[PDB]
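One structure is given below, encoded as structure tokens.
So basically every Cβ, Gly included, is an ideal-geometry build from the backbone, and we count neighbours across all protein chains shown. Throughout, read-outs are computed from the coordinates displayed, never taken from laboratory work.
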2 protein chains.
Amino acid sequence: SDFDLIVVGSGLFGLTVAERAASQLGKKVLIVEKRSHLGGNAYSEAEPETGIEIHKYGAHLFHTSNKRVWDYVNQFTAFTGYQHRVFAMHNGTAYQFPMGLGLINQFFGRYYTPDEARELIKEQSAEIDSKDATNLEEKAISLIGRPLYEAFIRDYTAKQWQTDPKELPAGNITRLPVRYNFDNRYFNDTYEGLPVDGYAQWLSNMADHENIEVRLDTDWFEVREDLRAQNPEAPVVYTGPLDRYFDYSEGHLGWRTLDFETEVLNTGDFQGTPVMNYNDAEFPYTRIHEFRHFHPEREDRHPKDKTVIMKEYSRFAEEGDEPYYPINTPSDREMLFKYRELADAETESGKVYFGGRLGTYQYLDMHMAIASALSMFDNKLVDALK
Amino acid sequence: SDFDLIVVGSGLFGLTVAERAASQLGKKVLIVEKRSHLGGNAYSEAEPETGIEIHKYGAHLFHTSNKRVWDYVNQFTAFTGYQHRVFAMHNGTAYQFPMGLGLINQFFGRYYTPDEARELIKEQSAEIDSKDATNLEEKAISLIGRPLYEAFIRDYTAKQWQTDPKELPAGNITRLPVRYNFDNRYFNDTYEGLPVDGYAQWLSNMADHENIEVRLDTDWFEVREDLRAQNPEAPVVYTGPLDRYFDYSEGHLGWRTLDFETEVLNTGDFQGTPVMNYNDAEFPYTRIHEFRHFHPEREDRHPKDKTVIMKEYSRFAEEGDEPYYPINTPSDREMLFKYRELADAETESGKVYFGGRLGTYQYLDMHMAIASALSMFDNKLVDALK
Ligand SMILES: Cc1cc2c(cc1C)N(C[C@H](O)[C@H](O)[C@H](O)COP(=O)(O)OP(=O)(O)OC[C@H]1O[C@@H](n3cnc4c(N)ncnc43)[C@H](O)[C@@H]1O)c1[nH]c(=O)[nH]c(=O)c1N2
Ligand SMILES: Cc1cc2c(cc1C)N(C[C@H](O)[C@H](O)[C@H](O)COP(=O)(O)OP(=O)(O)OC[C@H]1O[C@@H](n3cnc4c(N)ncnc43)[C@H](O)[C@@H]1O)c1[nH]c(=O)[nH]c(=O)c1N2
Ligand SMILES: O=c1ccn([C@@H]2O[C@H](COP(=O)(O)OP(=O)(O)O[C@H]3O[C@H](CO)[C@H](O)[C@H](O)[C@H]3O)[C@@H](O)[C@H]2O)c(=O)[nH]1
Ligand SMILES: O=c1ccn([C@@H]2O[C@H](COP(=O)(O)OP(=O)(O)O[C@H]3O[C@H](CO)[C@H](O)[C@H](O)[C@H]3O)[C@@H](O)[C@H]2O)c(=O)[nH]1
Ligand code: NA
Ligand code: NA
């Protein structure tokens, strides 16, 4: 046949399943992608005026402690030694971030030793006991005290969720957000970096195999009857939206979306750092990304007098809006397992597998998407293709 | 013969020359070392109570942009991904360091953009023009202004040199010590790390060759007549003190020394960071090192309740004191080139080469010592050994 496997969607999940089938099972894989480009939401492209690489669907920072995933992705791209660090803008001051000795010194006015800082946080947070916290506000205060909560958590959280924190579940904080040293590495994982030649080159290399065919600007639901007729035996891995597959027969799953406002400025350096969080309510956006600083190794290929920045705004997703984060209201949860059983019937009846961020109504870091694909490959698709 | 080459001193210079002769020319090398251990001033050892690795002759942070040196040293040890960062203690506050947007925000009270910070520094430093500066104090003020100079430079410099900055040459500052971003990586080089198994293992691996013999606790000047008699043709690479070789026939070269006060504390974490500079005159020491933080990857082999710290004090070196930094008074400089011509005569008359930090009255970073040895090997010793 012209293909042994159809993959719907060319994001990291689809690309991983496709590449494994192609290179390990020697199968022909047809990938069907609705957008004009490969790579799903990890896709990046140059800004036309400056040439600076910008992430189209949000800043994407790669990090993992999963060695298998790390070894895998390094077949398709090399990574820079970039370490993500974040600063937090509060009342006209940039604070070291996340919360640790640096922030604590800046915000309480003098140096606290590790042991002194531990003691300080015990005092500040003594007010509410964690077991007795009823909502997000209280749970936070129970961990770090009112001053820290009100300066760095309250308004930021309110902006992201479009909701008063008093009206959010206590279960949404599970650990102490405070470091008792000066380590401001944003991520805790063994491996971290950015693709040396950008995300688009990386994702593209995954699809670059003699056994893989890619059809861009193609909606699965418009071509499916035709494609499966050509080889009825070929299984489908579907990574598009789960509810849309079943025609919203159980109603629409709820998502948060993001609006990005991208400006080219006539300065070489807007904030001297990749990501500045904006913690005060007076700013509509949650944070500003300055993309040249994601790739300092490319400095002499960047304009010296211009820079690209992007402000991020959070709101609930209406029809047509890009789906980014699942909301997971209890209504959403019940709607989900109704769809799960639809999906499982569809797999046994139609050899159609559901995966990925959209296919399973889930937030997945990139290494999680890849891990999950590697697993579906190993525990399902290997059998389904003999 | 029992040896084809004698190397005096087992520091990085000597070890590099020895290893190259041994492995590249297949020569037998005898290394003569006065102390009880290998490795010279880069030597490190475990503290007996905690097991934590401590650098015996000062903190040693490896960094280079010389790829040849980097490739070379990676034959003998692997390096961690440690990146050195320093904090600066001033009036009870830990400042981000070196001077950059972080410090500037903390010290002037609010956030300055790159462009605003540039403007601020232009204003502050406008007082003295750099070309008109007569001493160290003025030259500094001409670059960064009086407030920054007085808080972070003046007393620190005074402690290190044991001298009022007004009484130091303007030539001792050559560039603007200010960063116009939030990057607080202490070093600017391509390659940086710490030896995974510590310095002692690394230096030891360099000497570990079938063609290399090492004699510890052996003073060159006590054994030389005997050793050269065994093979009069064998050249000597001498890395001991230059003036002591020629019996101080031109008087004693001047050095700064360092006193280290090393304490084991009954806490797991004294300052939450490897190096805290102490910028105020009220503290006798220039900085405190907390050595567990040089190797965070060894945390579950470190005591959880104990930690080793070391305070550093600077003063002029008296007889017997370890020589660390050359002083380079003009008296010292003239004394030096008198010795240089003694040395060159000694090479042509005695096949004795002078190299290394002591052999040439010089401060050398480790990658510079290695580079310099690689060069003496390539441009002198190859010929001198055929
Ligand atoms: C705002 C934001 C920011 C980040 C991140 C997510 C979000 C929402 N991520 C996570 C990362 O984006 C995620 O891991 C991957 O997008 C998952 O790839 P998927 O294959 O699961 O779906 P993904 O959404 O990427 O791809 C699915 C593809 O299917 C296509 N499609 C849908 N319906 C179709 C149809 N009917 N026919 C054909 N094609 C169809 C879509 O066009 C799309 O290309 C992240 N992770 C991380 O590790 N670090 C980070 O810093 C970030 N940053
Ligand atoms: C306080 C301080 C701190 C640092 C550093 C230096 C100093 C002074 N260094 C620099 C580093 O220490 C330096 O590069 C190496 O010590 C140079 O090695 P040498 O071989 O030149 O001399 P080195 O002094 O190391 O070795 C000479 C050897 O000869 C021996 N010897 C002397 N006379 C003898 C005799 N008569 N007979 C036999 N043996 C004799 C001595 O005992 C010694 O072992 C550093 N660099 C860097 O890159 N990063 C850092 O962070 C630091 N930190
Ligand atoms: O300054 C801050 C930052 C975060 N939060 C709290 O922490 C939650 C999560 O913070 P972020 O979403 O900003 O950060 P995450 O670490 O959870 O995730 C970040 O890293 C991910 C990579 O794994 C993706 O890039 C993602 O979009 C990006 O926000 C917020 O909703 C809020 O409740 C604060 O209160 N203040
Ligand atoms: O807080 C500070 C630090 C430095 N200085 C000025 O800068 C000079 C040099 O500073 P340091 O000696 O502290 O630092 P260096 O970067 O020059 O060298 C450091 O890094 C070297 C590695 O290459 C060695 O480890 C060395 O011992 C260690 O001090 C000082 O004399 C002083 O004039 C200040 O004014 N304030
Ligand atoms: Na509490
Ligand atoms: Na000036």
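What is the magnitude of the charge dipole of the stretch A:296-354 about its Cα centre, with +1 placed on the Cβ of each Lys and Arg, -1 on the Cβ of each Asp and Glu, and no other charges, expressed in debye to the nearest 20?
Dipole size: approximately 260 debye.
Taking every pair of distinct Cα atoms and averaging 1/r, then inverting, what Kirkwood hydrodynamic radius in Å comes out for the stretch A:227-340?
17.9
Toward the positive end of the charge dipole of the protein assembly as shown, about the Cα centre and with charges on Cβ (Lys, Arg +1; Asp, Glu -1), which of A:96, B:151, B:46 goes farthest?
B:46
Where does each of A:134-141, A:99-106, B:54-61 land if you order them by average Cβ count within 10 Å, highest first?
Order by mean packing, descending: A:99-106, A:134-141, B:54-61.
Report the calculated FRET efficiency for residue A:378 and residue A:71 (r = Cβ-Cβ distance, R0 = 22 Å), to the nearest 0.05.
E between residue A:378 and residue A:71, to the nearest 0.05, is 0.90.
Below 8 Å between Cα atoms, with a sequence gap of 6+, how large is the relative contact order for chain A in percent?
Relative contact order, chain A: 25 percent.
Length gain on complete extension for the stretch residue A:1 to residue A:322, per 0.36 nm per residue less the alpha carbon to alpha carbon distance?
Value of the extension gain: 112.0 nm.
Looking at this model, which pairs from A:34/A:56; A:28/A:338; B:34/B:56; A:56/B:67 are more than 27 angstrom apart at the alpha-carbon?
A:28/A:338; A:56/B:67
Which FRET efficiency, nearest 0.05, do residue B:130 and residue B:183 yield, Cβ-Cβ r, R0 30 Å?
Approximately 0.80, to the nearest 0.05.
Looking only at other chains, what is the average number of their beta-carbon atoms within 10 angstrom of each beta-carbon in B:168-181?
Mean partner-chain Cβ count within 10 Å for B:168-181: 1.
Find every distance from the label point of residue A:120 to the corresponding label point in the other copies (7 Å from Cα along Cα→Cβ) and write them in nm, one decimal, shortest first.
2.1
Quick check on chain A: of the DSSP beta bridges with both residues there, what percent are antiparallel, nearest 5%?
Expressed as a percentage, antiparallel bridges in chain A total about 65.
Report ³J(HN,Hα) in whole Hz for each residue of the stretch A:305-311, in order, from the Karplus equation J = 6.51 cos²θ - 1.76 cosθ + 1.60 where θ = phi - 60°; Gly and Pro get x.
Per-residue couplings from phi come out as 10, 9, 8, 9, 10, 8, 8 Hz.
Collect residues whose amide H, placed 1.01 Å from N in the peptide plane, falls under 5 Å from the amide H of residue A:79; neighbours closer than 5 in sequence don't count.
A:196
Compute the label-point distances linking residue B:303 to its equivalents in the other copies; points lie 7 Å from Cα along Cα→Cβ; give nm, one decimal, shortest first.
With the label placed 7 Å along Cα→Cβ, residue B:303 yields 5.8 nm.
Calculate the spin-label point distance for residue A:162 paired with residue A:300, positioning each point 7 Å from the Cα along the beta-carbon direction, and give it in nanometres.
4.7
Looking at chain B as a GNM with Cα springs under 10 Å, which of B:221, B:152, B:354 has the largest mean-square fluctuation?
Comparing B:221, B:152, B:354 in the GNM, the peak value goes to B:221.
When the chain is fully extended, how far beyond the present Cα-Cα distance does residue A:252 get from residue A:344, taking 0.36 nm per residue of separation?
So the chain would gain 31.2 nm between residue A:252 and residue A:344.
Could you work out the equivalent-ellipsoid semi-axes for chain A, taking the square root of 5 times each eigenvalue of the Cα gyration tensor, largest first, in whole Å?
After diagonalising the Cα gyration tensor, the semi-axes are 40, 26, 19 Å.
At 20 °C and 1.002 mPa s, what whole-number value in µm²/s does Stokes-Einstein give for the translational diffusion of the protein assembly as shown, with Rh from the Kirkwood sum over Cα pairs?
Answer, rounded: 70 µm²/s.
What is the list of residues in the stretch B:236-267 whose amide nitrogen lies under 16 Å from a point 7 angstrom out from the Cα of residue B:224, following Cα to Cβ?
Under cut-off, by backbone N: B:236-251.
I need two numbers for the stretch B:337-386: Rg to one decimal and Dmax as a whole number, Cα atoms only, in Å.
Reported Rg and Dmax, both Å: 11.5, 32.
Per residue of chain A, what 222 nm ellipticity follows from adding -39500 (n - 2.57) for every DSSP H run with n ≥ 4, rounded to the nearest 500?
The per-residue figure over chain A is -9000 deg cm²/dmol.
For residue B:67, which inter-copy label distances result when the label point lies 7 Å beyond Cα on the Cα-to-Cβ vector, reported in nm to one decimal and in ascending order?
Between copies, matching label points for residue B:67 lie 2.9 nm apart.
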